[PDB]
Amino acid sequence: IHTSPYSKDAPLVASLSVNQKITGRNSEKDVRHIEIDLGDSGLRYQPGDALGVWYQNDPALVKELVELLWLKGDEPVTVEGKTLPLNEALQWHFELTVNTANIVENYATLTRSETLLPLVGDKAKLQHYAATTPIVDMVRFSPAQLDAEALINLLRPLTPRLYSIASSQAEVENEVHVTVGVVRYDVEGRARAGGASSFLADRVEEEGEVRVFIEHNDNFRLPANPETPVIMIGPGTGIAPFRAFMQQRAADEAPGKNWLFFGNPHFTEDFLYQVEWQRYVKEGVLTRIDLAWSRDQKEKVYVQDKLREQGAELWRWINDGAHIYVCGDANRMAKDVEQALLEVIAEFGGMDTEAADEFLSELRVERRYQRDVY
């Protein structure tokens, strides 16, 4: 517009306007619709961008870790040029909620943990213990006396988390919306949680401050040409940019057809933004939707199962020049959705495994196959 001085290390201090649970009362998962006010900042983004969000660790987790280590919490510590009491350094500048094989290995080694040492250099044992046991539970289970400097030396610096933007400024203005699945789990009877998602969910009331920046994604964007059809595949929190896409196309009043593929365990508990979609379908901006409810029956159903069953109509849309978008879990979802997409291109459209491979690839270079997976 004519400048913007906010970025990762110089974030905009914004205001948390809305923090709403969007999953049902008996969902297995807690998902928050969050709206942050951008005020007169002039911060701008496009559908497909992500919002960078700084967080602080739970003060109660910090107190727990420090007392396990025989520390007081005060104790001056130096972090990137600044002398801080232990407690403030841990709350604001160190990751506490992501364990790693190296941390596990250095703690074990540092404290000479009789119970952790057999894992040392044992490779995948280390990675498995770290995926399984948070750092505070690692020292709960094998506590030891540490000095404040030895601790902070073990730890990795705190970094912001990315959330796909769930709004379009064409519709919203002054605001950015995000779709936050909050990471909650227990460890041998203790409640644990992800750092940033529980910070947003639990530790900022309303209109309280959040430190925010835009991570642009120019490789995840609506077609120019409002007449072009778009197919959106976004189970779970992967739905978020597709809420941004529909706000945009509804706002621009794009006549182009829209197809959404969504999946999650339970219709009843986990149909994120479902009134919004039903309205889109009724106002005719959303042309089609296919739902995959994992745990709604005996057999597990996923989006990729709907993509195959919807094969011939999908193919019809591709040849009409559709753009295809995938967002959500990369670890398993993105791969199985890609193979369903190769199966469909072969099945309908003049098969040959190798040629379908080639086709999916020309699509990506043409910008007609785009993904944002994590």
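Numbers for residues come from their place in the sequence shown, where the first is 1.
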Going by the B-factors listed in the PDB entry, is the mean over the C-alpha atoms higher for 114-122 or for 181-189?
114-122
Would 86-94 or 148-156 have the larger average of its C-alpha temperature factors, as given in the entry?
148-156
Name the residue from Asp49, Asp320, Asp58, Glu313 with the greatest C-alpha temperature factor listed in the entry.
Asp320
Per the entry, which of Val326, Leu65, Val53, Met333 tops the list for Cα B factor?
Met333
If you rank the chain by CA B-factor, which third does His2 end up in: lowest, middle or highest?
highest
Third of chain Cα B-factors occupied by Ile231
lowest
What third of its chain's C-alpha B-factors does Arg211 belong to: lowest, middle or highest?
lowest
Sort the modelled residues of this chain by their C-alpha B factor and say whether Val79 lands in the lowest, middle or highest third.
highest
By its CA B factor, does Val13 count among the lowest, middle or highest third of the modelled residues in the chain?
lowest
